[PDB]
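A.B. asks:
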Amino acid sequence: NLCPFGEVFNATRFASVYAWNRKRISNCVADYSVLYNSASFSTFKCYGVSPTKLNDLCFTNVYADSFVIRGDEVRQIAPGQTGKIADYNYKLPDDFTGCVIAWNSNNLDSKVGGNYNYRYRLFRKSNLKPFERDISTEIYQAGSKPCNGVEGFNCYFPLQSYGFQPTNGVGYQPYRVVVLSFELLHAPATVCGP
Amino acid sequence: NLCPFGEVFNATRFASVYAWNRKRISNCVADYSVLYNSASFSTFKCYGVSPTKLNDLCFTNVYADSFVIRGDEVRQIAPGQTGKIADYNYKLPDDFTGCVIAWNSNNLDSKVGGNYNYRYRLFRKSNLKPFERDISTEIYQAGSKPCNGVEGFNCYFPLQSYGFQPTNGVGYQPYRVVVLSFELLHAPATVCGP
Amino acid sequence: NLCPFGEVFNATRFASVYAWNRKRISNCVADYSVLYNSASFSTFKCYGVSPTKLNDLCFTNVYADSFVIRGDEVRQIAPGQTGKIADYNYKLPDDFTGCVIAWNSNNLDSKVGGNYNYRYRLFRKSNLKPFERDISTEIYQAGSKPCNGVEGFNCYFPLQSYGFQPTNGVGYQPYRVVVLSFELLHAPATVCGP
Amino acid sequence: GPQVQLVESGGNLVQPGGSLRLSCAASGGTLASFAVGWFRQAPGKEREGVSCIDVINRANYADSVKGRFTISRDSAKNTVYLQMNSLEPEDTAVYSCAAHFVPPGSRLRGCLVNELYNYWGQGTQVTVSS
Amino acid sequence: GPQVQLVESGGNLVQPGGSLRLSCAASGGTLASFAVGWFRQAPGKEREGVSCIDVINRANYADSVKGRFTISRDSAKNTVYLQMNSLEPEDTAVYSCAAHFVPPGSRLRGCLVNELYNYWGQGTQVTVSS
Amino acid sequence: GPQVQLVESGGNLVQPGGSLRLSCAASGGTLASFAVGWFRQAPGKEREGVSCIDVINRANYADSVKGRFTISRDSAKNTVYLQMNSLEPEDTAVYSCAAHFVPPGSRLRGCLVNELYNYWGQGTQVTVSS
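Chains as they are written, first to last, in my numbering: chain W, 1 to 194; chain S, 1001 to 1194; chain V, 2001 to 2194; chain A, 3001 to 3130; chain E, 4001 to 4130; chain R, 5001 to 5130.
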């Protein structure tokens, strides 16, 4: 009956941002204040709310979105951003109430030869809508010649790998990100607090 | 803000009808009359609603389903039809309030050697339910021997390709189809008009 | 228009429990008595509901989950069970109102050389939530060295085949299972009685 | 994939009395809508049809291979297999794949009776020797 | 598939001192529940087991190949690879695949002490020469 | 996979004037982020690059093969193909695959100007003979 936050922050691997992972957290009594005790989070921004004002007011939905991106893209995890991540991978609504936690995962997610197992979407014919997920892999038409499923010049495969190395700089190091969404919809209550 | 319906109508490739695509409109202001001006649509049928009182009526949901079928099958995209498409790929309910737009896409979807990239379901043990989508590819038992996953006599793969060629006759030419369903359910409203 | 229970119980193939199948039964009047009259069911336990009140009761939704397991695991298909099945394949909530039907399918699902086509999940880092479905195939860390996607010692592929042979004993014979979940929400009822 | 492509794999050097399974991978459409044939070209000799299968999955064979070869369909992988048994040295050839579409008003028609296909593969060589 | 089949691929003509990776793909069940072994038949000689792996992924090897050959498991593709290095001419053989199911009460148990297998492949030939 | 591996398949014995398509499968990352090149070493001769392709999908070729060989990218299968036409006996070599990562600030740079790659495959041998 406990709220299992341990699984969301202690995991061995995270999702790729293009195929980002969403987990519903329902039917749970939670303690939220003992999570902020970890002052090792390099990023911690909450929208429509202050970081210590949610122990009595409850909301019906709690989603744990999580993925990995590199240091220079973490700025895009916010309502109203642009860039490959914000527009082609993970987009937050403008009226988004929730929190954005990020921390540097270099000792975990990189290896000496490079760790090319996390991917992102480089190209897309239009921006995502908020919380849309695109897992398709069709050839991207970057020119006036139609690509016709075949790869070639101006006909690119839309997904790339991040190259994560321990000697990379901060803008190029892996950052694990978790977005908590507290939606204002109506349904029987699921999530409690301290 | 405004809803660019072009996203549903302008695509380079369409879905196969058996795996028909659905695009939701979350919250958008639309202009409906300047689309009906295109009298170059081979089909424009509206059910449960008046066909030119479309800017005054507001609706809770707006779904744009779209796919490709051949010309002689367009008769089947309607409430209460039969045929492989209506029963095994895309079925509309009998109380369907919405519109069915279709147009001939020969110059787009055909190729001189044939275009064999669009698929449909030929066989199914039972009819779909309204707005059901069946993407499975299990061997179809058309005889008395059980198929046991193996293809052979009376044991067929359920999906076929359409052969779209520019010289085909109209009943065999590709038709792009877009279906708009206007749901009146209890939830926040999404799409209005001018 | 009738509620199709025959199609859920008379099917040639069943799902594997790890990728168990779900079918919604909606917008239909159901026939319950001609199913309970069949005393050829090896198991028929109902929770939160009486087995002969189902002709007076209307329900908004009815879900038909089905899969195959071996005989002594049938004990685990109940609210509050443990074991590979209950914890890693198919878990029922404690507040489950519905029925669990099982019958021995040795004459169908066994083969003289062994039938290894049904699978189950052997390992998992945490228990499922009620009605969660896990179809992923990540290498399971059974040791202290990280597995890194590669199989080896203490680094196992999570899925196994059931070995169904006609000479197996009952605890090792295939049992087809169907669970009926009768949902009551505040919404129009869809499935009533005769 | 703008056109139907056909790729053959599985060719090897094998021994007399060996066995071998060739495959014909396809892209561009559902191969379950095409009639598929296998051909061989021995060194210096002309192409000869060897086997075929139609959309109803019925096979036909030439007599020089009948009883040794089996044509088979796996369209969940969009391929057609050619299982070759009891290989003797005179089976040394380049084995090619070929296909043509069957439109709805003709699905009940047989194969290696037209013996004319629009789409070809480049072939995979099989050499049978000691 | 009604029965477990095993197909071997990767056979080629290669050079002494070369290397080559054979594969054994399976259908009909999860290969991660079977003990898998590799055999070779050189021309005119009897089968010899060369390598095997059990369900907890421990490998055992023949004396003729220990240190040159590595058997390994990729069951997300339902296959078992045999990495063969430092090929000498006397490795010219037909390399076959073979498997048997390990039921739950026997998951801790070794291999090539159970050379009895229910399921065989047809073999893929490896020829090593200059 | 902790590391990027590259496996080459398709090597065969083929006839002069034949054709053959080699493939380079990859695991561990998206091959569409790596520049990929093909090399050969004939018996007794030194390794030579024959073809390469970069992340914008532009190809380069050696003169010994220019006009006959085609490098091509199929990133839905995470592979790079090498179609070899008009094979002459002097194409008999071991064909190896090789790749290195292209980070974002270098996506426009070309290829076989990187004759140094960080990841190699073991090679599949092609033999051209009568």
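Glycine included, every Cβ here is placed at the ideal spot set by N, Cα and C.
Please list, in chain order, the residues of the stretch 144–165 of chain W that have any C-beta partner in chain A closer than 8 Å.
C.D. replies: Flagged, chain order: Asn148, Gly149 and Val150.
A.B. asks: Look at the alpha carbon of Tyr5061 (chain R) and the alpha carbon of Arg5109 (chain R), and state the distance between them as a whole number of angstroms.
C.D. replies: About 16 Å.
A.B. asks: For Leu1035 (chain S), which residues of its own chain have a beta-carbon under 7 Å away from its beta-carbon, when the five flanking residues on both sides are left out?
C.D. replies: Closer than 7 Å at the Cβ level, and outside the excluded window around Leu1035 (chain S), lie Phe1005.
A.B. asks: Quick one: complete beta strand (DSSP E) runs, 3+ long, within the stretch 1121–1194 of chain S?
C.D. replies: 1159–1161 and 1174–1181, all fully within the stretch 1121–1194 of chain S.
A.B. asks: Whose C-alpha, out of W:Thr97, W:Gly149, W:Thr82 and W:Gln173, is nearest the C-alpha of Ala5076 (chain R)?
C.D. replies: The residue with the shortest Cα to Cα distance from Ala5076 (chain R) is W:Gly149.
A.B. asks: Rounded to whole angstroms, what is the Cα-Cα separation between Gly3010 (chain A) and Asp5074 (chain R)?
C.D. replies: Each residue's Cα considered, the two are about 20 Å apart.
A.B. asks: Kindly list the residues whose CB is nearer than 8 Å to the CB of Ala187 (chain W), restricted to its own chain and excluding five residues on each side of it in sequence; keep chain order.
C.D. replies: Hits under 8 Å: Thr60 and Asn61.
A.B. asks: Check whether the Cβ of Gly5067 (chain R) lies closer than 9 Å to any Cβ atom in chain E.
C.D. replies: No, because no Cβ of chain E sits closer than 9 Å to the Cβ of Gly5067 (chain R).
A.B. asks: If you run the structure through DSSP and keep just helix, strand and coil, what is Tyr18 (chain W)?
C.D. replies: In this structure, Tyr18 (chain W) counts as helix in the three-state DSSP scheme.
A.B. asks: Considering only the beta carbon of each residue, do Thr1190 (chain S) and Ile1085 (chain S) sit closer than 9 Å?
C.D. replies: Their beta carbons are not under 9 Å apart, which means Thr1190 (chain S) does not touch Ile1085 (chain S) by this criterion.
A.B. asks: Buried or exposed, going by whether 16 or more other CB atoms sit within 10 Å of the CB of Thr167 (chain W)?
C.D. replies: Per the 10 Å Cβ criterion, exposed.
A.B. asks: Quick one: what does DSSP say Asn106 (chain W) is sitting in, helix, strand or coil?
C.D. replies: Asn106 (chain W): helix per DSSP, three-state reduction.
A.B. asks: May I ask you to report which of helix, strand or coil DSSP gives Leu4006 (chain E)?
C.D. replies: Note: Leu4006 (chain E) maps to strand in three-state DSSP.
A.B. asks: For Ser2050 (chain V) and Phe2096 (chain V), I'd like the C-alpha separation in whole angstroms.
C.D. replies: In a straight line, the C-alpha of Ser2050 (chain V) is about 13 Å away from that of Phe2096 (chain V).
A.B. asks: Provide the residue span of the alpha helix (DSSP H) that contains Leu1035 (chain S), from first to last.
C.D. replies: Counting along the chain, the alpha helix (DSSP H) containing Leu1035 (chain S) begins and ends at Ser1033 to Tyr1036.
A.B. asks: Out of A:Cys3097, A:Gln3122 and A:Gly3105, state which residue places its alpha-carbon closest to the alpha-carbon of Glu3115 (chain A).
C.D. replies: The shortest Cα separation from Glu3115 (chain A) among A:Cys3097, A:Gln3122 and A:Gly3105 belongs to A:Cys3097.
A.B. asks: So, are the CB atoms of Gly4121 (chain E) and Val4014 (chain E) less than 9 Å apart?
C.D. replies: Contact flag unset, no.
A.B. asks: On the three-state DSSP scale, how would you describe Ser3072 (chain A)?
C.D. replies: Strand.
A.B. asks: Give me the Cα-Cα distance between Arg75 (chain W) and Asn10 (chain W), rounded to the nearest whole angstrom.
C.D. replies: In a straight line, the C-alpha of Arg75 (chain W) is about 23 Å away from that of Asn10 (chain W).
A.B. asks: In whole angstroms, give me the CA-to-CA distance for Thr5070 (chain R) and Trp2020 (chain V).
C.D. replies: In a straight line, the C-alpha of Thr5070 (chain R) is about 46 Å away from that of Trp2020 (chain V).
A.B. asks: Could you tell me the distance, in whole angstroms, from the CA atom of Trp4038 (chain E) to the CA atom of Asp31 (chain W)?
C.D. replies: So the alpha carbons of these two residues sit roughly 55 Å apart.
A.B. asks: Which residues share a DSSP beta bridge with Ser2040 (chain V)?
C.D. replies: Answer is none; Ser2040 (chain V) lacks a bridge partner.
A.B. asks: In the structure shown, what three-state DSSP assignment does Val1074 (chain S) receive?
C.D. replies: In the structure shown, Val1074 (chain S) sits in a helix (DSSP, three-state: H, G or I).
A.B. asks: Just by C-beta distance, which residues in the stretch 1045–1071 of chain S are closer than 9 Å to chain A?
C.D. replies: Answer in chain order: no residues at all.
A.B. asks: For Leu2002 (chain V), which residues from the same chain have a beta carbon less than 8 Å from its beta carbon, with the 5 sequence-adjacent residues on both sides left out?
C.D. replies: Only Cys2028, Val2029, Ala2030 and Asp2031 meet the Cβ criterion.
A.B. asks: Which of helix, strand or coil does DSSP assign to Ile1025 (chain S)?
C.D. replies: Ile1025 (chain S) falls in the coil class under three-state DSSP.
A.B. asks: Can you find a C-beta in chain V that's less than 9 Å from the C-beta of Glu7 (chain W)?
C.D. replies: It does: the Cβ of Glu7 (chain W) has a partner Cβ on chain V nearer than 9 Å.
A.B. asks: Can you list, in chain order, the residues of its chain with a C-beta nearer than 6 Å to that of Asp1087 (chain S)? Leave out the 5 residues immediately preceding and following it.
C.D. replies: Cβ neighbours of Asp1087 (chain S) beyond the five flanking positions: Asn1127.
A.B. asks: May I have the straight-line CA-CA distance separating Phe131 (chain W) from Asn3012 (chain A), to the nearest angstrom?
C.D. replies: Cα to Cα, the separation comes out at about 51 Å.
A.B. asks: Out of curiosity, what's the CA-to-CA distance linking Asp65 (chain W) and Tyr47 (chain W)?
C.D. replies: One C-alpha to the other measures close to 16 Å.
A.B. asks: So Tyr2175 (chain V) and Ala2102 (chain V) are in contact, right, with Cβ under 8 Å, and what is the actual spacing, rounded?
C.D. replies: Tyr2175 (chain V) to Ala2102 (chain V), Cβ: 5 Å. Contact.
A.B. asks: According to DSSP, which residues form a beta bridge with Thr5127 (chain R)?
C.D. replies: For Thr5127 (chain R), which the question treats as bridged, DSSP gives the partners R:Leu5013.
A.B. asks: Label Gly2169 (chain V) either buried or exposed according to how many other C-beta atoms from any shown protein chain fall within 10 Å of its C-beta, with 16 as the threshold for buried.
C.D. replies: By the 10 Å Cβ count, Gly2169 (chain V) comes out exposed.
A.B. asks: Quick one, which residues of the stretch 120–139 of chain W are near chain S if we go by CB-CB under 7 Å, in chain order?
C.D. replies: Cβ contacts with chain S come from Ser126 and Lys129.
A.B. asks: Nearest by alpha-carbon distance to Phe4034 (chain E): which of E:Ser4023, E:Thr4127, E:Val4126 and E:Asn4118 is it?
C.D. replies: Nearest C-alpha to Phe4034 (chain E): E:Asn4118.
A.B. asks: Taking only beta-carbon positions, decide if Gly3037 (chain A) is within less than 9 Å of chain E.
C.D. replies: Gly3037 (chain A) does not count as touching chain E.
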